Amino acid sequence: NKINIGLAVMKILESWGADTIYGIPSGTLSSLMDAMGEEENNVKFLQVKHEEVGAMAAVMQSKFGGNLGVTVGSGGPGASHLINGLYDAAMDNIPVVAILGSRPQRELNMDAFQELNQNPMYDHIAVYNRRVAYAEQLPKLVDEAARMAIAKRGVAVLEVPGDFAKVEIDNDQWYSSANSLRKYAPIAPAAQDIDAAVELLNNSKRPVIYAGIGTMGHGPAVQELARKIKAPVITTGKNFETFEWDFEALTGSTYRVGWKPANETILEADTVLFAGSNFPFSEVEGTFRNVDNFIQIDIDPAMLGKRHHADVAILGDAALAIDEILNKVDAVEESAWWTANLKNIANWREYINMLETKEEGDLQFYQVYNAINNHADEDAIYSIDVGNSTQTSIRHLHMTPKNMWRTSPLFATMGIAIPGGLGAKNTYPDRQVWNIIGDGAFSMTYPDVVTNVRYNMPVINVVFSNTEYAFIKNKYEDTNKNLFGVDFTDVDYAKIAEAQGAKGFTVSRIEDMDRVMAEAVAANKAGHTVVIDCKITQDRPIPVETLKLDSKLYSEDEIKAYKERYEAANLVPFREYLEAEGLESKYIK
Amino acid sequence: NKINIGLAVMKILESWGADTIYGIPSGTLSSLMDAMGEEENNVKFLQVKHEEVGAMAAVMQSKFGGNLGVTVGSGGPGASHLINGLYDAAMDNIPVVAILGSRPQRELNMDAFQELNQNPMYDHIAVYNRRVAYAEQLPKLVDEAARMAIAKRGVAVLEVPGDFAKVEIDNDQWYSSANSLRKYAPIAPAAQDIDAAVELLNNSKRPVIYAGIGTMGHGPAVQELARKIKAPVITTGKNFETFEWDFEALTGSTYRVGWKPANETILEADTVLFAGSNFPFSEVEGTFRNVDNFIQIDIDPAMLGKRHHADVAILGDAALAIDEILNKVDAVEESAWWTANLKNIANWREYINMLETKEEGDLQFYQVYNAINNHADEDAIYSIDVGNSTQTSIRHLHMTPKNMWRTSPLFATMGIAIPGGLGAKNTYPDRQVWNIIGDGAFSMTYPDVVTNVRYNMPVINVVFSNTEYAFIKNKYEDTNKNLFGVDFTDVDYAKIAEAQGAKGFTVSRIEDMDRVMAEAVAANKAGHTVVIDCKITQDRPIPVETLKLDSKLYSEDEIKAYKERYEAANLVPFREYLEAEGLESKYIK
Amino acid sequence: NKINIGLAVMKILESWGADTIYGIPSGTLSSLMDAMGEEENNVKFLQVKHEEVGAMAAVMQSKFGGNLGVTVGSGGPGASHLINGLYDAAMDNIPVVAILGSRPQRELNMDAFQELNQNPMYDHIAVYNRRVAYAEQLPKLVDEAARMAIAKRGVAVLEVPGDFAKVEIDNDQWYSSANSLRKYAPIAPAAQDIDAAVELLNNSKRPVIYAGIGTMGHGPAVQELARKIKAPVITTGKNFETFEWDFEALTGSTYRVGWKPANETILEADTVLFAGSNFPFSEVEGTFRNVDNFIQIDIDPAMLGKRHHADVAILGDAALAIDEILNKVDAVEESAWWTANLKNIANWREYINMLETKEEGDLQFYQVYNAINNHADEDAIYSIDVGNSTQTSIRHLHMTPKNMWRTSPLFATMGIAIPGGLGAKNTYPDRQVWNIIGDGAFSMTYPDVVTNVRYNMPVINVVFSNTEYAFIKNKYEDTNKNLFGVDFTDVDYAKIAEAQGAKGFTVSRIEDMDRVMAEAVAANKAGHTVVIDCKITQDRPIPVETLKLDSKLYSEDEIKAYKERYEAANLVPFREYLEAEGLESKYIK
Ligand SMILES: Cc1cc2nc3c(=O)[nH]c(=O)nc-3n(C[C@H](O)[C@H](O)[C@H](O)COP(=O)(O)OP(=O)(O)OC[C@H]3O[C@@H](n4cnc5c(N)ncnc54)[C@H](O)[C@@H]3O)c2cc1C
Ligand SMILES: Cc1cc2nc3c(=O)[nH]c(=O)nc-3n(C[C@H](O)[C@H](O)[C@H](O)COP(=O)(O)OP(=O)(O)OC[C@H]3O[C@@H](n4cnc5c(N)ncnc54)[C@H](O)[C@@H]3O)c2cc1C
Ligand SMILES: Cc1cc2nc3c(=O)[nH]c(=O)nc-3n(C[C@H](O)[C@H](O)[C@H](O)COP(=O)(O)OP(=O)(O)OC[C@H]3O[C@@H](n4cnc5c(N)ncnc54)[C@H](O)[C@@H]3O)c2cc1C
Ligand SMILES: Cc1ncc(C[n+]2csc(CCOP(=O)(O)OP(=O)(O)O)c2C)c(N)n1
Ligand SMILES: Cc1ncc(C[n+]2csc(CCOP(=O)(O)OP(=O)(O)O)c2C)c(N)n1
Ligand SMILES: Cc1ncc(C[n+]2csc(CCOP(=O)(O)OP(=O)(O)O)c2C)c(N)n1
Ligand SMILES: [Mg+2]
Ligand SMILES: [Mg+2]
Ligand SMILES: [Mg+2]
């Protein structure tokens, strides 16, 4: 009883649940692909236009809760095109199997055509990186690659000479260890550490909960704890979906891609409950410079006390920890700290709502997000690209745990949106998927819009056309001293979409946004991939990391100019709200 | 309130329990070392003669249950000398902090004297590998390096420009996260998996327990389980101390560095309980080629089903798993399989004992080990080097859990013995420490014998002088086809020892061994480091991976020659014992 | 017609002149070594005690003008032990072939015993780094490795699975490209650039010639040019042998390992003729801070204008360039600049000679060098280790082009002396070879003294025993602010030497030095390797990089203390000599 090595490989991938391979077919990968669909195998190939899109899609697939992704790249240039997707997965600790094709074994080291040592290529970021030495061990290595990708939460790479998959072996000369896959259940926290945390929280006059994705799946519990001890909630740029968008005590996120409330709260807080987070701006932006006590909860020992000295360290699942704390902590009836924060939050929501609900004028991204909120399904999935217009989505999207919002948050590679949409739609074929993209990022990946069309994976692409980079337009004055230089004409994305078999729309006026969005959604429900080219203004989101509103921190002229520029006449500095409740700023003046 | 960065670094190391730095002082490391012993700091420097010895000692320190080790290497050649120690730690998953000195910041990239990019040097094996960008962050990075070394169980590397440690900072500009150190407690296994294991064990006619270091600390329980279900025990080359050397059912280890019983048992077994092991020879030597069922217990998901398909996979602490299995499994009163094995083991012990107890003649390593057994403390520590004479120690040393036996088991670097002795003696100053070394390995490290002398860390070095490499003398016929070529004259190690301030002994006769060993131990108890130059024969340990004893596997001539060569006339093939109990070989004929 | 791959490999090495392989025999290298000496092959194996010594010897062999060296390291720890030797070769641009042994092909990627990916190990420093993919291509790759090592002037690395060399192939399936070896002849400089150089030299009032090893073989011409235009000569730490030690206008080298004259001259010069040098201290020590014009000659375009802006750049052989300049430049009859320099040099020689010729007292390295000068052959070879006592040899050894002086000048790895002696003696069996070593460096390599003994390669080891590191004792005050901490007892090296089959001597008094040196040389001429343990004082060489002698640069107290400490009462600051000739310092005051 013999079996083709390529088929054995497909059977192994199938056993691990990796039923989708992303890439472009070619010579150095043909032997493997030729076995797909054989003997009832269910592994399918999803062909992309650029390998980086395939790599990112394989990765985003897991981020969205899908199966283990597999991405391939032909010897040399195909393999190197995977880099942005693999680095993203490495930094986000996302499991993914990358198979690098290669010239046949006989050609290795001969300086043959497109023949090179690809082992160095991804050695720095991989959790597994090997060049298959002979055909007969390919199955064992693919099996281990999957096992390692999952166990080590990262990129497992295999360089495979193109002649190996054609070889035949005895069926008893291969096996899958997928049946032995086991994962650790939630780890219960140490009572000693939970008690120390409870004591600090009980004695704090200004507690604040800072929740990262470690709290995913436990938003209701966090909101319950927040209300019990009257502690406002701050979230991370990756964790907005965990909370009800309209939660009374949600202050948003800190720093640039955040809200005004969160940025003011963290500088006035006394005790922080850092739950399931590895906020990267912590040290360099002095996020916790005014905090007195720091309590951290995490399942990874490497993270304990990393972003700030921890007065209390809790090793364990955030869910279990939050529950234990919720049960032991004292209830707080009233709090000036809480009252002041709720008003500060309400003030901010009045501002955001007024921008979103404008009725006429030149289109701004604010109204595009408004239209999305008015037409999106309650369980819609959002694949967000990297840029100023897209990341500001967290100030507008009315999400809940029913949604999923993913991007490239740390490596922050542009072009992640479209790949994300493919991974999502592949995992949830009957679910509404949105790709929110800036024109710069769209320009790096729009050729792959045809991929959604060809594979009947309908998505809604929302493109923000604002000529010059909005975000980049904010780093030649706040850091530099000269002008700018980031111009771009204006290509017709809607026309390009039509040329690709997709449905294109173009909108540039607030009064036309709702209708255009309605037609776009209806078109998507008819099974079409759509591209909405939103010609927006040059307006930038109000800089919440530099709030020029407090008269004790900035001059009248500054405040006046700041308000006029961002239409923020009605925003009120947090200190006013603190003082209105009988409290005083702990750092201002 | 200011503080020297070097001192802050020492305070951090002290907080993590890393109170010993191994290396050689010099310019590119002086700024750091100059702060040692300041403001009551207790971090001490242990100066070696070769940096590789310092690196290996820092690593072996942890292997022996000591504190986190720190090793330093001066810019360029000092740092590169650490390689063998770091690779060993990487492959053994042992935490260790390596600090690479470097030319001052101003000289970087200038192609100055001894100035180079050292980031590539250890990037492949490190769990952390960074070049400090500016003086003020050195404390934070040393703190994280320790946190990462421990959490990731590996090598954390920092390249430190020599001018950084001289800089001063505010005391509030640094902190240690050592107080937040937390580790996961033993993980309880899934009842479902324990039950599946119990069912297989209950229905097995020939069960065998294969225990690796995952069972460290639970030998009594394993021995109890072995007796309850009448399953012989096989151990790994790293796990002998876990069992009482004279346990009735201990068959030893498989393959070359093993015993005859274990090698025959594994080929006749039906069900294997692979507990806490990652035996590297599994696949390439077909260790489990005749097994029917395979049950594996491990705390690392990456290992489940790695060395063989697992019919049952148990994720969890070996201790807890063994206890649960012991409690649920059915007791077995009698077993022909067990009886046959006990006799096979007894036959082997008769052979080994007869070699160890010879009374007169040219010295063989067998009698050296006999002398060690007759004079060593019950809690003696053994630091074993890499070679034929030293590794065969597991066939002779009468150990128990009261002992510790460590070597370089996977990377297998020669020269690990002396460094191991330093790490051990540093951790246990009042405990008997033995370094068992071959002359080849001794020749790579004997200059450091002076280190034990100078720091008053008395150890007993036992050197096997056999001219040509015993092990290497067995790879020019069993693999090659030509002669050999591994000669060495015979230097006077005892004389060298005296020249270094140590006490030297020379012995070449069996009838002189006991007295020499007695004087050596007495000398060590007087506070002296000793070197026993054992001039042994060219005799090689009987090859248990190729037992030429069964008349159905080898010819009369072969058996006759095999017996005469290894004085094994009385060894009896396991099949005879199986048949004597009414059983039949499952593979022979 | 078939041939063993191992033999084909040896035939190829032989054709490239690589007739000596350094290393230690073992399993993963046996297949290759088993073919040595077959079918009249003349490649021999030189067995060392530590692989780093083998690597360094293979490299030093070429530095001393020998054949292409080959060094081997067994899979894992053997290969990693080569690092210090390979990094040295990489930084010095010395050709060398390194063969890394490896577990058999079938074991690769199986996580077998001592099995690992060694491709990352030396990728950063190698000019060629490949893992042989299959047995049949081994010959082609060894051939290319030699071709690349030589053409790229660096380290060519091949990882070779241990089972490949055993395979047989058709004799017509391999060939050597050694017959096609071709090298570029000296490149003639552009007349345009030579003329620009001549013009500057002609118009300079204070010309100085700074000669690096690019001038090797052309010292007489440089000395002739120096005299013709009356330009003093400065040499590099690697180029002393190029000049007659007593040349009237030789000022020595600049910075720490240099002479007083050179250090003062460079700061007073106007035009520098930088010939064949890449002096690493140039920028970081501001060597040329006071120069007005800079003319550089080099055969490597990458070096032109590297160490300083070049007013004139000459691409070409230093010999040809010097000759063209010598022929076109104007002769200079007299020069105050020249006269002042000759007197400054003479003053320095009076100082050095008085220290070297002391008659009685505690031994200092000065008198050891004196004894060497009085007994060494005119064509003696000097292998110098890294340290304060050894590098200061350039202030004392009376060398000429008949000698060869080599060390590890840039990577600066300690332990280079003994390996250098092996490479030298292997290349010149009937030539006197000296290894000058500090006790610290000796302690990292003395086990290999037995290698010279066993292979009958008689060398004279001169060891400076000064307890604490002399050089290191000068970096805890001139850079740090605390005490020191670099103590070492005092082992009996002479006794160790005797134990190794060598002849040991011990000397600690000036009045005994000549006799001891005489007996040592006579013993070496009797075919014995000798070890002279020179117990010297703690005295440090006078710091020429910080001359506290000029009353306009330092205080009376400083000058007085400086003179008393270094017995330099009679040294006169260069400015006095300049002013005596009617000139003025261009920077002092
Ligand atoms: C252009 C751009 C701008 C951005 N701007 C901002 C900004 O202004 N503000 C902002 O906040 N973000 C911003 N981000 C996102 C930011 O870079 C980070 O990716 C994000 O804040 C990290 O969020 P996190 O801490 O929730 O999760 P991660 O960094 O993913 O860390 C999660 C932590 O939770 C732990 N964990 C996981 N599971 C559990 C469990 N069950 N129990 C306990 N612990 C668990 C993990 O071990 C880990 O330590 C931006 C991103 C981009 C691309
Ligand atoms: C020259 C030389 C020759 C050798 N020859 C032999 C030989 O012939 N035979 C031989 O057997 N060895 C030999 N060895 C040793 C061999 O190379 C391996 O290092 C050794 O067998 C590995 O043993 P192990 O499986 O116990 O542990 P490891 O390889 O260290 O693996 C231990 C396993 O236990 C798991 N674990 C850890 N803690 C727990 C826990 N609490 N609960 C559950 N699981 C846990 C780990 O995750 C891991 O999978 C030799 C070594 C040398 C240097
Ligand atoms: C501990 C220690 C201390 C030291 N201290 C000092 C010190 O104080 N002072 C000092 O001077 N040195 C010192 N050195 C040596 C120093 O580090 C350098 O290695 C040495 O100065 C480099 O000398 P170089 O310029 O002659 O040659 P290299 O750096 O080898 O460069 C030679 C140049 O010549 C060129 N070249 C080669 N062939 C030709 C040709 N035919 N024609 C033209 N150009 C050619 C090359 O391309 C190259 O640019 C020390 C070394 C050590 C280990
Ligand atoms: C692949 C990649 N290249 C470059 C960058 C740098 N970068 C970050 S934001 C940005 C501007 C992107 O502009 P666009 O997508 O048009 O978004 P906008 O800021 O205008 O909304 C750039 C170039 C990046 N993050 N990723
Ligand atoms: C650093 C290092 N170099 C080389 C090897 C290869 N090797 C393995 S065993 C061996 C022989 C060692 O001989 P010795 O220490 O004399 O022990 P013996 O086998 O004679 O008892 C060698 C060279 C190794 N394991 N480590
Ligand atoms: C392999 C290596 N390790 C460390 C250094 C750092 N280093 C440079 S000089 C020196 C002192 C060496 O002392 P020794 O050989 O005794 O010579 P001395 O200075 O006393 O004459 C050291 C440790 C180096 N150059 N190479
Ligand atoms: Mg844009
Ligand atoms: Mg030996
Ligand atoms: Mg010294």
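Below, all heavy atoms of this structure are taken into account, side chains as well, without hydrogens, waters or symmetry copies. We name chains A, B, ... by the order of the sequence lines, and we start the count at 1 in each one.
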J.: Checking C:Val70 against C:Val43 for the side-chain contact (heavy atoms from CB on, under 4.5 Å) test, could you report, in this order, the C-alpha distance in whole Å, the side-chain angles of both residues, the deciding distance, and whether it holds?
T.: CA-CA 10 Å; C:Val70 178; C:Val43 181; over 6 Å; no

J.: Under 3.5 Å, side chain of B:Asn482 to main-chain N/O of C:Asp34, donor-acceptor pair present?
T.: yes

J.: Any side-chain heavy atom of A:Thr451 within less than 4.5 Å of one from A:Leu46?
T.: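 Touching, per the 4.5 Å side-chain cut-off.
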
J.: Just jot down the side chain to side chain donor-acceptor pair (under 3.5 Å) partners of A:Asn84, sequence neighbours excluded, or say none.
T.: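 Side chain to side chain donor-acceptor pair (under 3.5 Å) check on A:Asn84 returns A:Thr413.
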
J.: According to ring-ring contact (aromatic ring centres under 6.0 Å, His included), who are the partners of C:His124, at least two apart in sequence or on a separate chain?
T.: none

J.: Would you check if A:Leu82 and A:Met121 make a side-chain contact, meaning some heavy-atom pair closer than 4.5 Å?
T.: no

J.: Taking only residues at least two apart or on different chains, which pairs with a member in residues 6-50 of chain A satisfy ring pair (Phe, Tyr, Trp, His ring centres under 6.0 Å)?
T.: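 For residues 6-50 of chain A, and leaving out neighbouring residues, the ring pair (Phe, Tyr, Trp, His ring centres under 6.0 Å) pairs sorted by first residue read A:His50-A:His81.
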
J.: Any sub-3.5 Å donor-acceptor pair from A:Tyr455's side-chain atoms to A:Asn426's backbone N or O?
T.: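 Not confirmed, A:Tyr455 side chain does not pair with A:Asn426 backbone.
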
J.: According to salt bridge (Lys or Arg N to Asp or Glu O under 4.0 Å), does anything in residues 14-23 of chain A pair up with another residue at least two apart or in another chain? List the pairs.
T.: none

J.: Step by step, would you call A:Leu141 with A:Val160 a side-chain contact (heavy atoms from CB on, under 4.5 Å)?
T.: CA-CA 10 Å; A:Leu141 300 187; A:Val160 188; over 6 Å; no

J.: Is C:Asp111 salt-bridged to B:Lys306, cutoff N-O under 4.0 Å?
T.: yes

J.: Is a donor on one side and an acceptor on the other found under 3.5 Å between the side chain of C:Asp300 and the backbone of C:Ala302?
T.: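 A pair under 3.5 Å: yes.
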
J.: Filter on salt bridge (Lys or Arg N to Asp or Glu O under 4.0 Å), then keep only pairs touching residues 136-146 of chain C, sequence neighbours left out; what's left?
T.: C:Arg130-C:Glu144, C:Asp143-C:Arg147, C:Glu144-C:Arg147

J.: Please tell me if the side chains of C:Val157 and C:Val155 come closer than 4.5 Å, counting only heavy atoms from C-beta onward.
T.: yes

J.: With sequence neighbours left out, which residue pairs that include part of residues 143-182 of chain C fulfil the ring pair (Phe, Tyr, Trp, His ring centres under 6.0 Å) condition?
T.: none

J.: Can you find a heavy atom in the side chain of C:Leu108 that is under 4.5 Å from one in the side chain of A:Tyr134?
T.: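 No, every pair of side-chain atoms sits at 4.5 Å or beyond.
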
J.: Within the structure provided, determine whether A:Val53 and A:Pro419 are in side-chain contact (heavy-atom separation under 4.5 Å).
T.: yes

J.: Within the structure provided, determine whether C:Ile24 and C:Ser74 are in side-chain contact (heavy-atom separation under 4.5 Å).
T.: no

